[PDB]
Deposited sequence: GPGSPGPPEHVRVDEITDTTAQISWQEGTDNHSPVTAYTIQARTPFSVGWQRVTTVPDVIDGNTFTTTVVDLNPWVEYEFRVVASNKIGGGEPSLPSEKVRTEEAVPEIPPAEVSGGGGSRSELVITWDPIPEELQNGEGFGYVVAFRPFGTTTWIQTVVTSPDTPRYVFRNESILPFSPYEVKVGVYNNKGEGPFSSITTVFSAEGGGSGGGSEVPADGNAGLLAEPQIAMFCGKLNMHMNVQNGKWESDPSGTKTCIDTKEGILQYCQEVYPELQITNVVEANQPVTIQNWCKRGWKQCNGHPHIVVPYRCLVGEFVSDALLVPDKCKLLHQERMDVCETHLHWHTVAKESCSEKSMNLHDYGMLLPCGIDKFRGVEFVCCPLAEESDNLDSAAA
């Protein structure tokens, strides 16, 4: 008769690639067990599959082995099947479900393409990497694009693994202009490769508010690019970040405002007015305007000139302010003896609250 099912299949010493499996000989049927075979089942493999062991062949005197060539960051089950001179026997009950350790991703997106859209846009699309190839939590993409002939890259960090496209809207885009495009990958453990550079064609003044207490709030008229006073005569400076969100939606009623964030650079604004447009003087005031973020959050596009590097960081256990992530980006470039050239927020966790930062470091003169 064939051997009975082995018992107590346990997993120890689990890594990103390997696993140590141990078991106990089941009820053999009057013929000594001559070989052991290991099988594994994951949410991605269709049923039970054979796995490669070291040593390659397991005999009856052996009760532990190393399974190799596994996929990092995958939930695994294991079972053992014993063999006789008669033949293969009943498989063992599965082991406890275990997840291999994380690793840097190795597969860049396939089918990097794009095109279309409305005027002054660049639509970049790609195939989303499935879960079985992300190799760890915090999987994201890095989209890079630049016009033909130029050296400086334009890059942005896309933190959602399911996002299949990025749209770049800026008046620097020419009608049906060719761009070199490449999409990379990363996770918590580090950065992965980029896809090959391919060609994507283009298609064929930002909402801000500025405040100075004692004066009527100012806002950016998106049509003429000029700073304008409060449409009403009463709205002075605002205390809370939620109130800044309300004022953004009040001044831009035809926009879907979902968040706010401080601008990275101050601006000098003359012609502030008091309540009721009384005592309008010409005294300038340097303030930091709040950007009224529209619709679903999209990371900023950063310029990465030659010899500069693009860095980014995100911490799911931290919900911090714009000033916090600026200090993070500024200090990080200092540790490498470089200057901070451009940065943006990642992963909003609240009104003007974020869990990460993207930034560019550059050398000095």
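> What residue ranges of the deposited sequence are absent from the coordinates?
Replying inline: Those stretches are 1-2, 207-225, 387-397, listed in order.
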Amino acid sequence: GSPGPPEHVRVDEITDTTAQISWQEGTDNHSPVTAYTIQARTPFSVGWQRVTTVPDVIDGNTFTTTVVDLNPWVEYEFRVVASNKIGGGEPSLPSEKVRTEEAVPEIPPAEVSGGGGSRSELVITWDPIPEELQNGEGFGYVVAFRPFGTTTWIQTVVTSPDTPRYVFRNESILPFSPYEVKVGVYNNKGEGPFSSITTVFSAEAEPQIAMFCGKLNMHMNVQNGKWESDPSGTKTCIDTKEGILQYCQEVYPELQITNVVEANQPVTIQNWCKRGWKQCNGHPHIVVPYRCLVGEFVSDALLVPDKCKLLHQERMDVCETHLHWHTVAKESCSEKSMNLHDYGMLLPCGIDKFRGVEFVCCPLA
From here on, numbers count along this sequence of modelled residues.
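> Of 9-17 and 338-346, which one has the bigger average CA B-factor?
Replying inline: Looking at the recorded C-alpha B-factors, 9-17 comes out higher on average.
> Which is higher in the entry, the mean Cα B factor of 68-76 or that of 268-276?
Replying inline: The recorded data point to 268-276.
> Which of these, 210, 197, 103, 185, has its C-alpha atom at the highest B-factor, as the entry lists it?
Replying inline: Among 210, 197, 103, 185, the highest C-alpha B-factor in the entry belongs to 103.
> Hey, out of 218, 144, 82, 123, whose CA B-factor is highest in the deposited coordinates?
Replying inline: When the deposited C-alpha B-factors of 218, 144, 82, 123 are compared, 218 is largest.
>> Lowest, middle or highest third: which one holds residue 360 when the chain's residues are ordered by CA B-factor from the entry?
In response: According to the entry, residue 360 has a C-alpha B-factor in the chain's lowest third.
>> Is residue 324 in the lowest, middle or highest third of its chain when residues are ranked by C-alpha B-factor?
In response: Lowest third.
> Relative to the other modelled residues in the chain, which third contains the C-alpha temperature factor of residue 62: lowest, middle or highest?
Replying inline: Middle third of the chain for residue 62's C-alpha B-factor.
>> By the recorded C-alpha temperature factor, relative to the other modelled residues in its chain, which third is residue 230 in?
In response: Highest third.
>> Based on the deposited C-alpha B factors for this chain, I'd like to know if residue 108 is in the lowest, middle or highest third.
In response: For residue 108, whose C-alpha B-factor we compare with every modelled residue in the chain, the answer is the lowest third.
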